[PDB]
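Here is the structure we will look at.
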Amino acid sequence: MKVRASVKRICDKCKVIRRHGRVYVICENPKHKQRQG
Amino acid sequence: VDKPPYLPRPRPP
Amino acid sequence: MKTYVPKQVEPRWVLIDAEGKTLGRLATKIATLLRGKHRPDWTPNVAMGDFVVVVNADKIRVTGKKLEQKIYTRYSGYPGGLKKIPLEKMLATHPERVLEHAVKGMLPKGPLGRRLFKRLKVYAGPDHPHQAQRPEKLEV
Amino acid sequence: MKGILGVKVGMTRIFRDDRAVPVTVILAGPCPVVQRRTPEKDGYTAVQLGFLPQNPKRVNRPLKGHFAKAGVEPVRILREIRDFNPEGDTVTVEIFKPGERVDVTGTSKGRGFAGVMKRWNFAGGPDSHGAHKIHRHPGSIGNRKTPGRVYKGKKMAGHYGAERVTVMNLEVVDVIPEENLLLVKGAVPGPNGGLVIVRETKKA
Amino acid sequence: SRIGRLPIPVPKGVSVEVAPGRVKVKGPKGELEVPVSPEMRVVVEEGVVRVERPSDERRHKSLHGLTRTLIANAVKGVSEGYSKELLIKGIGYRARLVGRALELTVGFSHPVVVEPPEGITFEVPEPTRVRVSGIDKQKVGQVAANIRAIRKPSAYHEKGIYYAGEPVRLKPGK
RNA sequence: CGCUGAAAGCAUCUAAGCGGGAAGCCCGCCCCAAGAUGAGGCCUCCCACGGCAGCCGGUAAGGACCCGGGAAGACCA
RNA sequence: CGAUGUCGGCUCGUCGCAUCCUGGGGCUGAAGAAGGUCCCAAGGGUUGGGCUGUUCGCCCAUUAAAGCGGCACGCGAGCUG
RNA sequence: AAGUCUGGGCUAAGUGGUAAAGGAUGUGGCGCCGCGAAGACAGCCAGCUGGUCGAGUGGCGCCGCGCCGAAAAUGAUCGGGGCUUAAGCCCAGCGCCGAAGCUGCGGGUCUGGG
Ligand SMILES: [Mg+2]
Ligand SMILES: [Mg+2]
Ligand SMILES: [Mg+2]
Ligand SMILES: [Mg+2]
Ligand SMILES: [Mg+2]
Ligand SMILES: [Mg+2]
Ligand SMILES: [Mg+2]
Ligand SMILES: [Mg+2]
Ligand SMILES: [Mg+2]
Ligand SMILES: [Mg+2]
Ligand SMILES: [Mg+2]
Ligand SMILES: [Mg+2]
Ligand SMILES: [Mg+2]
Ligand SMILES: [Mg+2]
Ligand SMILES: [Mg+2]
Ligand SMILES: [Mg+2]
Ligand SMILES: [Mg+2]
Ligand SMILES: [Mg+2]
Ligand SMILES: [Mg+2]
Ligand SMILES: [Mg+2]
Ligand SMILES: [Mg+2]
Ligand SMILES: [Mg+2]
Ligand SMILES: [Mg+2]
Ligand SMILES: [Mg+2]
Ligand SMILES: [Mg+2]
Ligand SMILES: [Mg+2]
Ligand SMILES: [Mg+2]
Ligand SMILES: [Mg+2]
Ligand SMILES: [Mg+2]
Ligand SMILES: [Mg+2]
Ligand SMILES: [Mg+2]
Ligand SMILES: [Mg+2]
Ligand SMILES: [Mg+2]
Ligand SMILES: [Mg+2]
Ligand SMILES: [Mg+2]
Ligand SMILES: [Mg+2]
Ligand SMILES: [Mg+2]
Ligand SMILES: [Mg+2]
Ligand SMILES: [Mg+2]
Ligand SMILES: [Mg+2]
Ligand SMILES: [Mg+2]
Ligand SMILES: [Mg+2]
Ligand SMILES: [Mg+2]
Ligand SMILES: [Mg+2]
Ligand SMILES: [Mg+2]
Ligand SMILES: [Mg+2]
Ligand SMILES: [Mg+2]
Ligand SMILES: [Mg+2]
Ligand SMILES: [Mg+2]
Ligand SMILES: [Mg+2]
Ligand SMILES: [Mg+2]
Ligand SMILES: [Mg+2]
Ligand SMILES: [Mg+2]
Ligand SMILES: [Mg+2]
Ligand SMILES: [Mg+2]
Ligand SMILES: [Mg+2]
Ligand SMILES: [Mg+2]
Ligand SMILES: [Mg+2]
Ligand SMILES: [Mg+2]
Ligand SMILES: [Mg+2]
Ligand SMILES: [Mg+2]
Ligand SMILES: [Mg+2]
Ligand SMILES: [Mg+2]
Ligand SMILES: [Mg+2]
Ligand SMILES: [Mg+2]
Ligand SMILES: [Mg+2]
Ligand SMILES: [Mg+2]
Ligand SMILES: [Mg+2]
Ligand SMILES: [Mg+2]
Ligand SMILES: [Mg+2]
Ligand SMILES: [Mg+2]
Ligand SMILES: [Mg+2]
Ligand SMILES: [Mg+2]
Ligand SMILES: [Mg+2]
Ligand SMILES: [Mg+2]
Ligand SMILES: [Mg+2]
Ligand SMILES: [Mg+2]
Ligand SMILES: [Mg+2]
Ligand SMILES: [Mg+2]
Ligand SMILES: [Mg+2]
Ligand SMILES: [Mg+2]
Ligand SMILES: [Mg+2]
Ligand SMILES: [Mg+2]
Ligand SMILES: [Mg+2]
Ligand SMILES: [Mg+2]
Ligand SMILES: [Mg+2]
Ligand SMILES: [Mg+2]
Ligand SMILES: [Mg+2]
Ligand SMILES: [Mg+2]
Ligand SMILES: [Mg+2]
Ligand SMILES: [Mg+2]
Ligand SMILES: [Mg+2]
Ligand SMILES: [Mg+2]
Ligand SMILES: [Mg+2]
Ligand SMILES: [Mg+2]
Ligand SMILES: [Mg+2]
Ligand SMILES: [Mg+2]
Ligand SMILES: [Mg+2]
Ligand SMILES: [Mg+2]
Ligand SMILES: [Mg+2]
Ligand SMILES: [Mg+2]
Ligand SMILES: [Mg+2]
Ligand SMILES: [Mg+2]
Ligand SMILES: [Mg+2]
Ligand SMILES: [Mg+2]
Ligand SMILES: [Mg+2]
Ligand SMILES: [Mg+2]
Ligand SMILES: [Mg+2]
Ligand SMILES: [Mg+2]
Ligand SMILES: [Mg+2]
Ligand SMILES: [Mg+2]
Ligand SMILES: [Mg+2]
Ligand SMILES: [Mg+2]
Ligand SMILES: [Mg+2]
Ligand SMILES: [Mg+2]
Ligand SMILES: [Mg+2]
Ligand SMILES: [Mg+2]
Ligand SMILES: [Mg+2]
Ligand SMILES: [Mg+2]
Ligand SMILES: [Mg+2]
Ligand SMILES: [Zn+2]
């Protein structure tokens with residue numbers, strides 16, 4: 001998981017989700033998994 | 001770290 | 001002419017069902033009753049407020065996320081002696097303290113305010129041991 | 001949970017499987033139950049035990065009454081065991097078989113006014129190289145203006161011992177029912193002749 | 001473009017009682033209570049159940065589709081019922097039943113024994129296939145997930161407990 | 001990290017709801033503790049005294065003083 | 001400035017967490033073992049020596065690890081000097 | 001001490017009650033394009049076109065209020081308790097409380113005019 005202040009879509013298959021008051025970025029490619037923080 | 005004393009060692013009355 | 005000052009009178013006992021009521025908004029009213037500021041002969045330096053009995057204190061109600069976010073605090077005087085206890089758990093373990101702590105913080109500080117707190121009888125569950133005094137039911 | 005009152009009698013070692021095993025001998029039995037605490041009446045569960053028999057010439061009238069209501073001869077010591085309710089009217093050593101682990105409570109030996117080195121294992125001060133009358137002293141006890149005070153619980157000299165101590169999970173090496181004797185492996189708080197309490201262990 | 005307003009076919013014969021805050025769906029395989037928002041209105045028509053919402057605002061639109069699917073899943077559960085299958089890939093790896101319980105042999109120093117909760121039945125056809133069956137869809141999905149967790153699919157080898165029809169993605173190894 | 005699941009016909013651990021998950025947190029262990037003035041509880045004992053919520057007089061159950069001491073202790077306890 | 005004693009050591013701690021170890025994780029250019037990097041976590045632990053007044057640092061032998069800071073660069077009505 | 005006052009609206013973070021670049025399908029409200037009953041978007045059935053589905057769907061910008069970014073040392077806290085169609089924020093009102101300011105009443109001095 002990447003933890004950044006700038007969470008972004010990295011590829012077209014990336015999906016910006018928001019769960020529990022935190023912006024995540026989930027995706028098929030595990031490298032693209034992001035959480036804002 | 002070593003700094004200069006600001007008071008002398010106390011002398012007898 | 002000088003302002004009327006009341007001689008000692010019999011205090012009124014009062015019953016209140018806390019079930020479903022908002023913690024702070026009930027607490028305010030209980031404090032007012034305790035201070036006796038509903039009585040037209042109110043006097044600041046004597047205990048002439050009511051005795052307030054409260055039941056179903058475990059069924060007090062709270063808005064927002066305060067069940068898990070409201071934190072009660074206690075310092076022991078020792079290093080690291082700060083205990084933090086959430087609403088949820090306070091209710092689980094000593095539910096009457098929730099309403100007690102609220103009312104206590106809304107009473108004056110000092111010898112008198114401490115006496116007024118003593119006239120607050122709070123109970124979890126719908127029963128109270130004060131049949132003898134036969135407290136007047138109040139709708140607030 | 002089960003337990004018995006007893007006096008610590010002394011220490012030895014016995015031999016078992018070509019091993020020397022240090023023991024403390026304990027005179028435990030016999031303890032008559034003199035009162036029972038019930039959830040209906042007392043709000044909890046335990047048994048008041050009596051130990052050692054007492055010269056009735058010394059038993060005052062309120063005490064006399066208490067014993068009489070239990071049909072029990074005067075006893076020297078009254079003590080409860082929590083969450084324990086024996087079927088019989090008498091608790092003896094036989095409630096323990098060899099191999100069980102137990103917890104022993106006593107009153108530790110008293111060191112009186114104890115220095116900070118004995119009490120708390122402080123290092124004290126140097127014994128040469130200029131040390132000035134502070135060989136067994138505690139050193140600093142705080143900071144400066146912040147916080148400008150001393151913590152509650154600050155380890156300092158003071159009384160030490162003569163206090164309740166429970167050592168836990170001791171092996172019962174043997175029991176000698178005909179002499180009301182327990183043989184526990186290792187050390188037990190307090191002096192010889194001191195009153196101890198032997199409870200079934202809480203360790204798993 | 002909508003779920004909540006799409007009606008729910010109710011097979012002959014399952015009953016759908018409506019109470020405030022819940023619906024009761026009885027059927028040939030058992031009963032199930034569906035907790036439902038007081039703000040939503042369930043409707044019992046001939047061989048069909050519908051769910052209607054009050055306003056068209058955010059919370060209500062969201063509760064809508066949810067409620068309809070929740071009830072539709074209860075219906076299918078008591079009629080057809082639900083099931084998930086697990087595939088067990090890897091040489092040493094095998095499963096078997098011991099009474100009602102499931103016994104996993106998946107390369108540990110011990111075997112893992114999974115007990116079936118109430119309303120859940122285990123089946124082992126081949127010793128490399130497991131069927132989790134029940135009327136509660138979330139419970140079947142859960143227990144299934146539980147079982148898979150015991151020995152998740154490897155990342156480098158076709159090995160471990162797999163979902164039926166779950167793709168085998170692997171990474172190269174040195 | 002999930003199960004179920006809309007808004008958003010797909011998808012989504014979440015917006016309803018439910019799991020799993022730390023030497024950490026709450027309890028559990030040990031010790032103190034009702035001056036907890038919110039001063040708790042149980043068992044047992046004495047008891048209805050004489051004189052004009054007070055005063056005085058002698059008692060009851062008990063307690064203290066004093067003494068012999070103590071792996072208790074500076075004195076006190 | 002009609003005085004707030006000043007480095008280092010010793011003694012005694014206590015707090016912070018931007019975590020050295022231990023526990024729990026995600027990603028890995030993660031085969032396994034072992035690492036890297038980030039996240040959670042302050043409960044406990046965080047060795048003995050050679051040199052120098054040294055803090056620091058280098059070095060020896062180990063270690064799960066040999067953490068970094070605040071407390072008047074914590075602590076001289078506590079000691080050293 | 002005096003309104004749990006009235007009416008419209010927003011916010012769900014205890015934001016209010018301590019901060020920036022920047023990041024985000026937070027929420028509500030505007031605006032502008034693209035595609036679509038000649039059948040679009042999503043799913044199922046093929047090769048950016050076709051088949052049933054029968055509606056909307058995708059994108060850009062702006063405004064209000066919120067989210068992250070947000071680690072420090074003795075015990076915490078918006079002054080406290082406590083507050084969620086508010087006891088928060090924006091807009092519009094009515095009333096009250098409130099000082100040794102102003103008024104009423106009495107008095108003293110100095111100054112000016114009688
Ligand atoms: Mg990162
Ligand atoms: Mg970038
Ligand atoms: Mg892109
Ligand atoms: Mg989404
Ligand atoms: Mg969570
Ligand atoms: Mg995805
Ligand atoms: Mg210098
Ligand atoms: Mg309310
Ligand atoms: Mg109320
Ligand atoms: Mg009132
Ligand atoms: Mg409510
Ligand atoms: Mg809550
Ligand atoms: Mg402290
Ligand atoms: Mg502590
Ligand atoms: Mg702290
Ligand atoms: Mg004040
Ligand atoms: Mg109890
Ligand atoms: Mg029991
Ligand atoms: Mg000595
Ligand atoms: Mg000594
Ligand atoms: Mg010691
Ligand atoms: Mg030393
Ligand atoms: Mg030393
Ligand atoms: Mg020494
Ligand atoms: Mg000297
Ligand atoms: Mg000297
Ligand atoms: Mg000397
Ligand atoms: Mg000292
Ligand atoms: Mg000093
Ligand atoms: Mg201070
Ligand atoms: Mg003592
Ligand atoms: Mg052992
Ligand atoms: Mg004892
Ligand atoms: Mg509808
Ligand atoms: Mg679906
Ligand atoms: Mg390769
Ligand atoms: Mg998944
Ligand atoms: Mg799913
Ligand atoms: Mg939820
Ligand atoms: Mg919400
Ligand atoms: Mg959970
Ligand atoms: Mg799981
Ligand atoms: Mg451990
Ligand atoms: Mg006690
Ligand atoms: Mg005790
Ligand atoms: Mg008492
Ligand atoms: Mg006690
Ligand atoms: Mg008492
Ligand atoms: Mg009790
Ligand atoms: Mg008589
Ligand atoms: Mg008499
Ligand atoms: Mg008389
Ligand atoms: Mg006498
Ligand atoms: Mg002694
Ligand atoms: Mg003596
Ligand atoms: Mg004496
Ligand atoms: Mg000066
Ligand atoms: Mg001076
Ligand atoms: Mg001075
Ligand atoms: Mg100075
Ligand atoms: Mg000074
Ligand atoms: Mg020293
Ligand atoms: Mg030294
Ligand atoms: Mg030394
Ligand atoms: Mg500190
Ligand atoms: Mg330090
Ligand atoms: Mg951290
Ligand atoms: Mg860092
Ligand atoms: Mg290091
Ligand atoms: Mg680790
Ligand atoms: Mg770690
Ligand atoms: Mg790790
Ligand atoms: Mg490698
Ligand atoms: Mg892995
Ligand atoms: Mg390799
Ligand atoms: Mg990095
Ligand atoms: Mg890692
Ligand atoms: Mg690093
Ligand atoms: Mg970093
Ligand atoms: Mg720690
Ligand atoms: Mg700490
Ligand atoms: Mg530390
Ligand atoms: Mg060294
Ligand atoms: Mg050296
Ligand atoms: Mg040498
Ligand atoms: Mg040297
Ligand atoms: Mg050095
Ligand atoms: Mg350095
Ligand atoms: Mg150097
Ligand atoms: Mg290691
Ligand atoms: Mg070193
Ligand atoms: Mg170092
Ligand atoms: Mg270092
Ligand atoms: Mg730092
Ligand atoms: Mg340090
Ligand atoms: Mg410092
Ligand atoms: Mg400094
Ligand atoms: Mg320093
Ligand atoms: Mg210093
Ligand atoms: Mg330092
Ligand atoms: Mg330091
Ligand atoms: Mg100093
Ligand atoms: Mg000096
Ligand atoms: Mg010095
Ligand atoms: Mg000083
Ligand atoms: Mg209002
Ligand atoms: Mg937030
Ligand atoms: Mg706040
Ligand atoms: Mg804030
Ligand atoms: Mg900004
Ligand atoms: Mg916006
Ligand atoms: Mg299509
Ligand atoms: Mg925050
Ligand atoms: Mg801070
Ligand atoms: Mg600071
Ligand atoms: Mg104010
Ligand atoms: Mg309004
Ligand atoms: Mg004036
Ligand atoms: Mg005038
Ligand atoms: Mg004139
Ligand atoms: Zn991606």
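Ordering of the structure tokens sets the chain letters (A, B, ...); residue numbers start at 1 within each chain; ligands are numbered from 1 in the order shown.
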- [ ] Select the residues contacting ligand 15 at a distance of at most 9 Å, based on only C-alpha atoms (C1' of nucleotides) and all ligand atoms, then format the selection as a PyMOL selection string.
- [x] (chain C and resi 79-82) or (chain G and resi 15-16) or (chain H and resi 73-75)
- [ ] Could I get the residue neighbourhood of ligand 24 at 7 Å, counting only C-alpha atoms (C1' of nucleotides) and all ligand atoms, as a list in words?
- [x]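 Within the 7 Å cut-off, the matching residues are residues 123, 124, 125, 126 and 127 of chain D.
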Using only N, CA, C and O atoms, please write the residues we just selected to a file, as a PDB file, in the first residue's frame.
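Result file part-v6.pdb:
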```
ATOM      1  N   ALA D 123      21.362   1.746  43.338  1.00  0.00           N
ATOM      2  CA  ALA D 123      22.806   1.537  43.266  1.00  0.00           C
ATOM      3  C   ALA D 123      23.544   2.336  44.330  1.00  0.00           C
ATOM      4  O   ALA D 123      24.686   2.030  44.672  1.00  0.00           O
ATOM      5  N   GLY D 124      22.893   3.373  44.844  1.00  0.00           N
ATOM      6  CA  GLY D 124      23.534   4.249  45.802  1.00  0.00           C
ATOM      7  C   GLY D 124      24.662   5.000  45.131  1.00  0.00           C
ATOM      8  O   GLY D 124      24.629   5.223  43.919  1.00  0.00           O
ATOM      9  N   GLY D 125      25.665   5.390  45.913  1.00  0.00           N
ATOM     10  CA  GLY D 125      26.762   6.179  45.384  1.00  0.00           C
ATOM     11  C   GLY D 125      28.091   5.455  45.407  1.00  0.00           C
ATOM     12  O   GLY D 125      28.188   4.347  45.928  1.00  0.00           O
ATOM     13  N   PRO D 126      29.122   6.074  44.813  1.00  0.00           N
ATOM     14  CA  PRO D 126      30.498   5.568  44.844  1.00  0.00           C
ATOM     15  C   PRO D 126      31.026   5.476  46.266  1.00  0.00           C
ATOM     16  O   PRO D 126      30.501   6.141  47.153  1.00  0.00           O
ATOM     17  N   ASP D 127      32.040   4.655  46.489  1.00  0.00           N
ATOM     18  CA  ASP D 127      32.617   4.542  47.823  1.00  0.00           C
ATOM     19  C   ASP D 127      33.988   5.187  47.909  1.00  0.00           C
ATOM     20  O   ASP D 127      34.596   5.244  48.977  1.00  0.00           O
TER      21      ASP D 127
END
```
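Once only C-alpha atoms (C1' of nucleotides) and all ligand atoms are used for the distance check, the residues close to ligand 87 at 9 Å turn out to be residues 51, 52, 54, 55, 56 and 57 of chain G.
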So that each row is one residue of chain A with an atom at most 12 Å from chain F, can you give its shortest atom pair and the distance in Å to one decimal, using only C-alpha atoms (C1' of nucleotides), rows by chain and rising number, as CSV?
```
residue,atom,partner,partner_atom,distance
A:13,CA,F:11,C1',11.3
A:14,CA,F:11,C1',11.6
A:15,CA,F:12,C1',9.1
A:16,CA,F:12,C1',9.8
A:17,CA,F:12,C1',7.3
A:18,CA,F:14,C1',9.3
A:19,CA,F:14,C1',6.7
A:20,CA,F:14,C1',7.6
A:21,CA,F:14,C1',10.5
A:22,CA,F:14,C1',12.0
A:24,CA,F:12,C1',11.4
A:25,CA,F:12,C1',11.2
A:26,CA,F:12,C1',9.5
A:27,CA,F:12,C1',11.2
```
- [ ] Identify every residue of chain A that has at least one atom within 6 Å of any atom of chain H, counting only C-alpha atoms (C1' of nucleotides), and report the result as a PyMOL selection string.
- [x] chain A and resi 5-7
Task: Residues within 12 Å of ligand 76, counting only C-alpha atoms (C1' of nucleotides) and all ligand atoms, as an MDAnalysis selection string - done: (chainID A and resid 1:4) or (chainID G and resid 27 36:39)
- [ ] Using backbone DSSP assignments, extract all helix (DSSP H, G or I) residues from chain E; output them as a ChimeraX atom specification.
- [x] /E:58-78,137-149
Using N, CA and C atoms, can you export the residues from the last selection as a short mmCIF file (atom, residue, chain, number, x, y, z; two decimals), in the first residue's frame?
```cif
data_model
loop_
_atom_site.label_atom_id
_atom_site.label_comp_id
_atom_site.auth_asym_id
_atom_site.auth_seq_id
_atom_site.Cartn_x
_atom_site.Cartn_y
_atom_site.Cartn_z
N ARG E 58 -30.37 11.33 -1.57
CA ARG E 58 -29.25 10.40 -1.55
C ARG E 58 -29.48 9.15 -0.71
N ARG E 59 -29.74 9.34 0.58
CA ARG E 59 -29.91 8.24 1.52
C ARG E 59 -31.04 7.30 1.10
N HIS E 60 -32.12 7.86 0.58
CA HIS E 60 -33.29 7.09 0.21
C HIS E 60 -33.07 6.26 -1.05
N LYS E 61 -32.46 6.87 -2.06
CA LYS E 61 -32.11 6.13 -3.27
C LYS E 61 -31.20 4.95 -2.93
N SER E 62 -30.31 5.15 -1.96
CA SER E 62 -29.33 4.14 -1.58
C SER E 62 -29.96 3.00 -0.80
N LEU E 63 -30.83 3.34 0.14
CA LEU E 63 -31.54 2.34 0.91
C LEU E 63 -32.45 1.51 0.01
N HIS E 64 -32.88 2.10 -1.10
CA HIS E 64 -33.85 1.48 -2.00
C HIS E 64 -33.34 0.19 -2.65
N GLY E 65 -32.37 0.33 -3.54
CA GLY E 65 -31.76 -0.82 -4.20
C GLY E 65 -31.33 -1.89 -3.23
N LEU E 66 -30.70 -1.46 -2.14
CA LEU E 66 -30.29 -2.35 -1.06
C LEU E 66 -31.43 -3.23 -0.58
N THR E 67 -32.50 -2.59 -0.14
CA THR E 67 -33.67 -3.29 0.39
C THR E 67 -34.24 -4.30 -0.59
N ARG E 68 -34.37 -3.91 -1.85
CA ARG E 68 -34.95 -4.80 -2.85
C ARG E 68 -34.09 -6.06 -3.01
N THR E 69 -32.77 -5.89 -3.09
CA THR E 69 -31.87 -7.02 -3.29
C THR E 69 -31.82 -7.89 -2.05
N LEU E 70 -31.86 -7.25 -0.89
CA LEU E 70 -31.85 -7.95 0.38
C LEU E 70 -33.03 -8.92 0.48
N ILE E 71 -34.19 -8.48 0.00
CA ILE E 71 -35.41 -9.27 0.07
C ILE E 71 -35.41 -10.32 -1.03
N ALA E 72 -34.91 -9.95 -2.20
CA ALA E 72 -34.81 -10.88 -3.32
C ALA E 72 -33.89 -12.04 -2.98
N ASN E 73 -32.85 -11.76 -2.19
CA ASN E 73 -31.91 -12.79 -1.78
C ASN E 73 -32.52 -13.73 -0.74
N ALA E 74 -33.42 -13.19 0.08
CA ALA E 74 -34.15 -13.99 1.06
C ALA E 74 -35.11 -14.96 0.38
N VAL E 75 -35.75 -14.49 -0.69
CA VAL E 75 -36.69 -15.31 -1.45
C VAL E 75 -35.99 -16.50 -2.09
N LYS E 76 -34.97 -16.21 -2.89
CA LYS E 76 -34.18 -17.24 -3.55
C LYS E 76 -33.55 -18.21 -2.55
N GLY E 77 -33.25 -17.71 -1.36
CA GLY E 77 -32.62 -18.51 -0.33
C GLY E 77 -33.51 -19.62 0.19
N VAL E 78 -34.77 -19.29 0.44
CA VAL E 78 -35.71 -20.26 0.99
C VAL E 78 -36.27 -21.20 -0.08
N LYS E 137 -27.48 -16.16 2.31
CA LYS E 137 -26.49 -15.92 1.27
C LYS E 137 -25.23 -15.30 1.84
N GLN E 138 -25.39 -14.35 2.76
CA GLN E 138 -24.25 -13.70 3.37
C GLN E 138 -23.51 -14.69 4.26
N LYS E 139 -24.24 -15.63 4.87
CA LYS E 139 -23.62 -16.62 5.74
C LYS E 139 -22.86 -17.67 4.94
N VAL E 140 -23.40 -18.03 3.78
CA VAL E 140 -22.71 -18.98 2.93
C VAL E 140 -21.43 -18.34 2.39
N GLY E 141 -21.55 -17.13 1.87
CA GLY E 141 -20.41 -16.37 1.39
C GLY E 141 -19.33 -16.20 2.45
N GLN E 142 -19.77 -15.96 3.68
CA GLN E 142 -18.86 -15.78 4.81
C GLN E 142 -18.08 -17.05 5.10
N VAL E 143 -18.80 -18.13 5.38
CA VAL E 143 -18.19 -19.40 5.74
C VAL E 143 -17.25 -19.86 4.64
N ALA E 144 -17.69 -19.70 3.39
CA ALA E 144 -16.85 -19.98 2.24
C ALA E 144 -15.54 -19.21 2.34
N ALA E 145 -15.64 -17.91 2.55
CA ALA E 145 -14.47 -17.04 2.68
C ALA E 145 -13.55 -17.52 3.79
N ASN E 146 -14.13 -17.76 4.96
CA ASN E 146 -13.44 -18.38 6.08
C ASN E 146 -12.58 -19.58 5.68
N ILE E 147 -13.19 -20.52 4.97
CA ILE E 147 -12.49 -21.73 4.55
C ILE E 147 -11.32 -21.41 3.62
N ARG E 148 -11.53 -20.50 2.68
CA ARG E 148 -10.48 -20.15 1.73
C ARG E 148 -9.29 -19.55 2.45
N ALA E 149 -9.58 -18.70 3.43
CA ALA E 149 -8.57 -18.02 4.23
C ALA E 149 -7.56 -18.98 4.86
#
```
- [ ] Please identify all polymer residues within 12 Å of stretch 22-35 of chain F, counting only C-alpha atoms (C1' of nucleotides), omitting same-chain residues fewer than 4 positions from it, and present them as a PyMOL selection string.
- [x] (chain C and resi 83-86+89-90+92-93) or (chain D and resi 103+105+163-169+201-204) or (chain F and resi 39-41) or (chain G and resi 21-25+40-45)
- [ ] Name the residues, by chain letter and number, that sit within 10 Å of ligand 96 using only C-alpha atoms (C1' of nucleotides) and all ligand atoms, and give them as an NGL selection string.
- [x] :G and (69-74)
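Relative to atom CA of residue C:122, atom CA of residue C:97 is found at 8.4 Å.
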Report as a PDB file with N, CA, C and O atoms, in the first residue's frame all protein, DNA and RNA residues lying within 7 Å of residue E:16, evaluated on only C-alpha atoms (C1' of nucleotides), omitting residues in the same chain fewer than 2 positions from it.
```pdb
ATOM      1  N   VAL E  14     -43.725 -19.348  -1.670  1.00  0.00           N
ATOM      2  CA  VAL E  14     -43.043 -18.793  -0.514  1.00  0.00           C
ATOM      3  C   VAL E  14     -43.853 -17.585  -0.048  1.00  0.00           C
ATOM      4  O   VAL E  14     -44.392 -16.833  -0.862  1.00  0.00           O
ATOM      5  N   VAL E  18     -45.031  -8.821   6.024  1.00  0.00           N
ATOM      6  CA  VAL E  18     -44.404  -7.528   6.262  1.00  0.00           C
ATOM      7  C   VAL E  18     -44.715  -6.970   7.644  1.00  0.00           C
ATOM      8  O   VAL E  18     -45.876  -6.814   8.014  1.00  0.00           O
ATOM      9  N   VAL E  23     -39.146  -7.852   7.156  1.00  0.00           N
ATOM     10  CA  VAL E  23     -40.034  -8.728   6.400  1.00  0.00           C
ATOM     11  C   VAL E  23     -39.654 -10.179   6.698  1.00  0.00           C
ATOM     12  O   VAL E  23     -38.485 -10.487   6.931  1.00  0.00           O
ATOM     13  N   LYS E  24     -40.645 -11.064   6.705  1.00  0.00           N
ATOM     14  CA  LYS E  24     -40.416 -12.473   7.005  1.00  0.00           C
ATOM     15  C   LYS E  24     -40.644 -13.299   5.757  1.00  0.00           C
ATOM     16  O   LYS E  24     -41.741 -13.302   5.202  1.00  0.00           O
ATOM     17  N   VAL E  25     -39.616 -14.010   5.319  1.00  0.00           N
ATOM     18  CA  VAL E  25     -39.738 -14.793   4.104  1.00  0.00           C
ATOM     19  C   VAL E  25     -39.634 -16.285   4.408  1.00  0.00           C
ATOM     20  O   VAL E  25     -38.546 -16.806   4.643  1.00  0.00           O
ATOM     21  N   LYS E  26     -40.773 -16.970   4.403  1.00  0.00           N
ATOM     22  CA  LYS E  26     -40.804 -18.404   4.663  1.00  0.00           C
ATOM     23  C   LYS E  26     -40.801 -19.151   3.340  1.00  0.00           C
ATOM     24  O   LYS E  26     -41.331 -18.663   2.348  1.00  0.00           O
TER      25      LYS E  26
END
```
- [ ] Name all residues at most 12 Å from residue G:50 (count only C-alpha atoms (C1' of nucleotides); drop same-chain ones fewer than 4 positions away) and give them as a list in words.
- [x]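 Counting only C-alpha atoms (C1' of nucleotides), the residues come to residues 58, 59, 60 and 61 of chain G.
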Would you mind exporting the chosen residues as a PDB file, in the first residue's frame, restricted to C-alpha atoms (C1' of nucleotides)?
```pdb
ATOM      1  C1'   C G  58      35.883   5.756  16.116  1.00  0.00           C
ATOM      2  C1'   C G  59      37.331   0.744  17.722  1.00  0.00           C
ATOM      3  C1'   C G  60      36.883  -4.528  20.344  1.00  0.00           C
ATOM      4  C1'   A G  61      33.498  -8.540  21.850  1.00  0.00           C
TER       5        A G  61
END
```
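Interatomic distance, atom CA of residue D:115 to atom CA of residue D:158: 6.8 Å.
Counting only C-alpha atoms (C1' of nucleotides), every residue of chain D that comes within 10 Å of chain H is listed here: residues 146, 147, 148, 149 and 151 of chain D.
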Residue E:171 environment, 8 Å, only C-alpha atoms (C1' of nucleotides), sequence neighbours closer than 2 positions dropped, as a PDB file with C-alpha atoms, in the first residue's frame:
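Result file follows (selection-v1.pdb):
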```pdb
ATOM      1  CA  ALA E 155       1.155 -16.124  -5.693  1.00  0.00           C
ATOM      2  CA  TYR E 156       3.830 -18.274  -7.286  1.00  0.00           C
ATOM      3  CA  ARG E 169      -2.866 -15.466 -11.623  1.00  0.00           C
ATOM      4  CA  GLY E 173       9.827 -17.300  -9.558  1.00  0.00           C
TER       5      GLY E 173
END
```
TODO: Skip residue H:31 itself and residues of its chain fewer than 4 positions away, then list as a PyMOL selection string all residues within 12 Å of it, counting only C-alpha atoms (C1' of nucleotides).
DONE: chain H and resi 60-63
Task: Residues within 10 Å of ligand 50, counting only C-alpha atoms (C1' of nucleotides) and all ligand atoms, as a list in words - done: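 The neighbouring residues of ligand 50 are, in order, residues 47, 48 and 49 of chain F.
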Open item on the list: Around ligand 69, out to 7 Å and counting only C-alpha atoms (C1' of nucleotides) and all ligand atoms, which residues are there? I want them as a PyMOL selection string.
Closed with: chain G and resi 20+66-67
